[PDB]
């Protein structure tokens, strides 16, 4: 049973979803990537985009750009590891995409334009059974963070699911062991020192909706907002209105770090917390939550696919010496990598439960 997926928007996350599908062994055997969609249908230019990444390197798979038939002027079929993917043209409305016809059942929505559960339904109107939004979703969609609440999915009810944001996926696992191990956050504020993204600008330009976010990106520390402010309360309803935060966008191109400051419900210590987070990383959060005892800096997490990886030393040293309630917890994440692995983990969970019931 090849899960038939199509990628709408072959950008940073689209191309890293694609690469997490090939690197993890699933192309053409477990998941069938039927088609990819973006502005051009020049498969040679997509191959160029895949083969050479500034931040994550050359990939291990191989890519060819072949035509479907010599009647077409430019290569339109991509051939990865002998698997053929089709380069479909970008549609302004989700519904004008031929999903049903190409036989695509699960569509990964990663353009960034269709974050509303209502516009994303246009995929299903085009023929898709399910939709995963690689972002926070507005308008009613289900937001799941793997390792914390993927089980609340239901094939029957949830058809446009959302995998939250990179920072949610990092914060929430931290929050989830704090509650489940019962330290509890009474209240919590959080900062994500975060790499710049494709929504920012090389030099000072136009950004109407966030004035600061239009400042030259690679030469300014830019205050702005994070997506995990809302979404962690959505995933864990016990933190609704207990926790919020901001974002500082600094001049690195990938990897970010969460910096959570909370107050505990019961009296505890940072040694108890560090123990429970390591334990959790080895037992029930394994693969999603990780930890590190080394003096790592940010470029040591490029290509690290844990959702969140707790920094044991930066935490243990930077807390109040005899504290029972006021705690800092530092944790890292490759905002482009681990998040692209979680999208594929979610597709496959959903396909499993969709077959499990119908």
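Numbering follows the first chain given and starts at 1.
The PDB entry reports B-factors from which the mean C-alpha value can be compared for 11 to 19 and 332 to 340; the larger average falls on 11 to 19. For the pair 291 to 299 and 65 to 73, the mean B factor over Cα atoms is greater in 65 to 73. Of the residues listed, 52, 325, 60, 306, the entry assigns the biggest Cα temperature factor to 325. Listed residues 314, 320, 47, 31 were ranked by CA B-factor as deposited; 320 comes out on top. Remark: residue 27 belongs to the middle third of its chain, ranked by C-alpha B-factor as recorded.
Compared with the other modelled residues of the chain, the Cα B-factor recorded for residue 104 ranks in the middle third. Per-chain ranking of the deposited C-alpha B factor places residue 43 in the middle third. In this PDB entry, residue 265 carries a Cα temperature factor that places it within the highest third of its chain's modelled residues. Remark: residue 246 belongs to the lowest third of its chain, ranked by C-alpha B-factor as recorded.
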